[PDB]
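In structure tokens, one chain follows: the form deposited in one PDB entry.
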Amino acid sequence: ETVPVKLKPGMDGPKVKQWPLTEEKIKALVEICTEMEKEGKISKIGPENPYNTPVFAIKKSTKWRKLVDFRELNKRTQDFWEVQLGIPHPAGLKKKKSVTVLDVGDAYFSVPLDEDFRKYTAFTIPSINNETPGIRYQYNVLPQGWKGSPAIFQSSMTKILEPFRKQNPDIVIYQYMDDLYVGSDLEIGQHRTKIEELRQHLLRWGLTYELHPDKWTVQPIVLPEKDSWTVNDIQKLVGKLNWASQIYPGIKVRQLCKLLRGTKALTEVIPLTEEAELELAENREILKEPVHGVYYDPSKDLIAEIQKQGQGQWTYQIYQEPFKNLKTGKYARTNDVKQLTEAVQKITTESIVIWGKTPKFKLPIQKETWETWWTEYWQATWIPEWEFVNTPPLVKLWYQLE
């Protein structure tokens, strides 16, 4: 039997155009979808269905894997998966010593999809050079990548996990989209034994990557530790600290600024006054801790900004209002787009664990270039929302590492 699903009030289906794909990915999708159709998972559709959602192929191993971009359908289904059948996010997950991510997407293909909703899940396998019309399908079962799937499947999931949870009361298990996050405080060996155990449970129902959240540390804003200081050095310092003060209560620059008296040469060395030195220590002390006064608001979007730092290094912040940083961090290791792709997946994984939401990304790269290459390196089974920006050179500077 199927659960009835509705779109949000007066919203229509998605009508998103399919992206052009390389030859090898088209071949892969063709074979994947032929097999899925033979197995009843999807059916061919006619021109009387005007909806479309883009589809991609990713390399998961050397076995291709279909990835459907349901970002728009998700947005238009939000009342359903969030308020009607929401899945609560445990605050305990982020405190665990180890968290393993499991793909349980295969689960969905054994639950039929509400017949009247099927049309909205239409997609198209394109041809090269538009030489033939694209092949059109829609889903007959819960699709991977749709936020409706876990929401609908969750009472089955609860029943599935019930024995395991009862037998290991200190293990935290959290479902987000196609994945299961499983956290414990066990030594690494014993943790892995429990994960294998969980998979056995899962396996009886056809459901068949290690994080360490309590080892996620704020990435402080760093103040230079100098032998001697030039006017330039002090000028940089004050700029940086001035920006910091828009975020962290208590940041002081008064004393440091005294040193900048008169119209002086950039390279002139200038000895620190003992109190400026103190001012510096205190600011340094404050920059270690999370920002006093910033709290997550569950009715608001998360935003994530990333800056390219050079030499395979990248900085990022997560906030809901600029400079109310909920989290700041870094990623390290050359192919700029591959690295950015990796950092985006990492930042998204942390946000899911921490808040149970994905951030909308501000990406320091031209739209077309990202669109061209992101799927070459993508491995995750979700896709965050994103947009493209030009990093203000000073923002880069102020978040610089050492």
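Rigid core: the largest C-alpha set superposing within 1.5 Å between the two forms. Sequential numbering from 1, following the sequence displayed.
Below: the form deposited in another entry, not depicted.
- Per-residue Cα shift between this form and the one not shown after core alignment stays below 2 Å for all of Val172, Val104, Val253, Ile195 except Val253.
- Remark: with the core as the superposition reference, the CA shift of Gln307 between this form and the one not shown stays below 2 Å.
- The Cα shift for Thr124 between this form and the one not shown, taken after rigid core superposition, is smaller than 2 angstroms.
- Taking 2 Å as the criterion, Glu274 counts as shifted between this form and the one not shown: its C-alpha moves by at least this amount when the rigid core is aligned.
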